[PDB]
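Worksheet for the structure shown next.
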Amino acid sequence: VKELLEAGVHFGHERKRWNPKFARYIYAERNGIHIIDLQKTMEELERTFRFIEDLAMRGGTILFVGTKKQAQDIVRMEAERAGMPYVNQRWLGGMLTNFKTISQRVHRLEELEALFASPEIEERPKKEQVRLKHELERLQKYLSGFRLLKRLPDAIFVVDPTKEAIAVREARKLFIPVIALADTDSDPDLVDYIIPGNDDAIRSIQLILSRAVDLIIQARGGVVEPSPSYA
RNA sequence: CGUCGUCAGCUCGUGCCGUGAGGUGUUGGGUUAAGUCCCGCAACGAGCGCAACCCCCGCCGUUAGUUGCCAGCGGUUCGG
Ligand SMILES: [Mg+2]
Ligand SMILES: [Mg+2]
Ligand SMILES: [Mg+2]
Ligand SMILES: [Mg+2]
Ligand SMILES: [Mg+2]
Ligand SMILES: [Mg+2]
Ligand SMILES: [Mg+2]
Ligand SMILES: [Mg+2]
Ligand SMILES: [Mg+2]
Ligand SMILES: [Mg+2]
Ligand SMILES: [Mg+2]
Ligand SMILES: [Mg+2]
């Protein structure tokens, strides 16, 4: 499922803005840029993909977490492929530790999923009506993938654990496996199942994400091949 | 009942921070008569307030035509 010629997308970056705790996954500092060693990645993917495949094999649920620009749309696709919950735009504080309370915003969502599912009564003030069509969109803008998350997840798969320290901190507090792909600017000790590598190259973000999702399909029966590897 | 003050404010529930008082939310950018609304955000909602629903005034319609009114023909002591 893995590769060895994945070294043709990323092998690391981020020039001397590093976290010293990451040095045990760094091979050399060449063009001003810290270069990640992938023999450290290959062993680690063996751990992570051992965890991911074994997790879906028993009915798990991985909350995929991506927020930044270079990983915005790709995390939407890959989580929808495996039918997995994603958080796309903003990570709402408490989403995990205050789950039974933010989930109270998807019930309001399903409400406007029924209301604007013709008709209940649309014959109630259009102002009072189009008031809601904006509240509808907003809920979809932030709860589009979290809605399928009906219960506190079994693990989370984040794109950037520094950029997403809030989500990590909550999951760590709930004894939730924190699995993540991370480059030279993050804390290995905070990640339960690590994937050392670039998290800014879309050419690399999609790679370790798209063919990680592929592994999730084969663990819940049957395979599919093509996912969006847009150029 | 007066008053501050019809001033835009005062708080709660869960989560987060803090040894603790307490903080966050309610701060920030913009907008409003307004914590009014928008965008942002370790917060997510909620309540009391603000607004609204209520009464008078301003235009039009329906429904009614005496004790009210008189547009147009008839009288008319000349007062519908
Ligand atoms: Mg970064
Ligand atoms: Mg005051
Ligand atoms: Mg509290
Ligand atoms: Mg202090
Ligand atoms: Mg505490
Ligand atoms: Mg408090
Ligand atoms: Mg206050
Ligand atoms: Mg406060
Ligand atoms: Mg205040
Ligand atoms: Mg303050
Ligand atoms: Mg006022
Ligand atoms: Mg706010």
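Heavy atoms only: backbone and side chains are in, while hydrogens, waters and symmetry mates are out. All chains are named by letter (A, B, ...) in the order of the sequence lines, taking the proteins before the strands, and each is independently numbered beginning at 1.
With rounding to whole Å, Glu170(A) atom CD is found 12 Å from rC44(B) atom P. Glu164(A) places its CD atom 9 Å from the P atom of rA42(B), with the value rounded to the nearest Å. Taking atom CE of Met95(A) as the reference point, atom P of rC41(B) lies 13 Å away to the nearest angstrom. Rounding to whole angstrom units, CH2 of residue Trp91(A) and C1' of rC44(B) are separated by 12 Å. Atom P of nucleotide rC41(B) and atom CD of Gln89(A) are separated by 10 Å, given to the nearest angstrom. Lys127(A) places its NZ atom 9 Å from the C1' atom of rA52(B), with the value rounded to the nearest Å. In this structure, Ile102(A) atom CD1 and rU14(B) atom P are separated by 16 Å, rounded to whole Å. Whole-Å rounding puts the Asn98(A) CG to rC44(B) P distance at 11 Å.
With both hydrogen-bonding distances under 3.5 Å, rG9(B) and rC48(B) qualify as a Watson-Crick or G-U wobble pair. Remark: the bases of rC12(B) and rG45(B) meet in a Watson-Crick or G-U wobble pair, both edge contacts within less than 3.5 Å. Between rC44(B) and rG13(B), both key atom distances fall under 3.5 Å, giving a Watson-Crick or G-U wobble pair. Between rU24(B) and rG15(B) there is a base pair of the Watson-Crick or G-U wobble kind, both of its two distances falling under 3.5 Å.
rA8(B) and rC37(B) have their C1' atoms separated by 15 Å, with the value rounded to a whole Å. Rounded to a whole angstrom, the distance from the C1' atom of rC44(B) to that of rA33(B) is 30 Å. Taking atom P in both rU26(B) and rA52(B), the straight-line distance is 24 Å, to the nearest Å. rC50(B) and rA21(B): their P atoms are spaced 33 Å apart (whole Å). Across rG68(B) and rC53(B), the matching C1' atoms stand 35 Å from one another, rounded to whole Å. On the P atoms, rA42(B) is 47 Å away from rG2(B), given to the nearest whole Å. Nucleotides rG35(B) and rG9(B) have their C1' atoms positioned 7 Å apart, rounded to a whole Å. Nucleotides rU36(B) and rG28(B) have their P atoms positioned 15 Å apart, rounded to a whole Å.
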Practice task
Under the side-chain hydrogen bond (donor to acceptor under 3.5 Å, both in side chains) rule, what do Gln89(A) and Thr67(A) come out as? Steps first, then yes or no, please.
Solution key: CA-CA 5 Å; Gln89(A) 305 244 304; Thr67(A) 19; over 6 Å; no
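Residue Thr97(A) has its side chain nearest to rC16(B) when only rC44(B), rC38(B), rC16(B) are considered.
Both distances falling under 3.5 Å, in either a Watson-Crick or a G-U wobble arrangement, occur for no nucleotide opposite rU3(B). Using the Watson-Crick or G-U wobble rule with both distances under 3.5 Å, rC59(B) pairs with nothing in any strand shown. Summarising the base pairing, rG18(B) is matched to no nucleotide, lacking a Watson-Crick or G-U wobble pair whose two defining distances lie under 3.5 Å. Across the strands present, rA33(B) finds no partner; the criterion is a Watson-Crick or G-U wobble pair with both atom distances under 3.5 angstrom.
North is the pucker assigned to the sugar of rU11(B), its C1'-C2'-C3'-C4' torsion being positive.
Proximity of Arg169(A) to the phosphate of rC17(B): no side-chain N or O atom is located under 4.0 Å from OP1 or OP2. Distances shown here put a side-chain N or O of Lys173(A) below 4.0 Å from the OP1 or OP2 atom of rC16(B). Taking 4.0 angstrom as the limit, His107(A) places none of its side-chain polar atoms (N or O) nearer than this to OP1 or OP2 of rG45(B). The phosphate of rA43(B) has neither OP1 nor OP2 within less than 4.0 Å of any side-chain N or O from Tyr142(A). At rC39(B), one or more side-chain N or O atoms of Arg138(A) fall inside 4.0 Å of OP1 or OP2 (strictly under the cut-off).
Residues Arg108(A) and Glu135(A) are paired through a salt bridge, judged by an N-O separation under 4.0 Å between the basic side chain and the carboxylate. Salt bridge status for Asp54(A) with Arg50(A): absent, with no side-chain N to carboxylate O gap under 4.0 Å. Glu113(A) has a carboxylate O that lies under 4.0 Å from a charged side-chain N of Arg147(A), or vice versa, which qualifies the two as a salt bridge.
Ring to ring, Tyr193(A) and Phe49(A) are not that close: their centroids are 6.0 angstrom or more apart.
Side-chain N/O atoms of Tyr86(A) and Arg76(A) include a donor and acceptor closer than 3.5 Å.
Comparing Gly93(A) and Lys141(A) along RNA chain B, the residue whose closest nucleotide (by nearest heavy atom) sits nearer the 5' end is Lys141(A).
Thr101(A) contributes no side-chain N or O that forms a donor-acceptor pair with the base of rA46(B) under 3.5 Å.
The number of heavy atoms from other shown groups lying within 6.0 Å of CZ (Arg15(A)) does not exceed 12.
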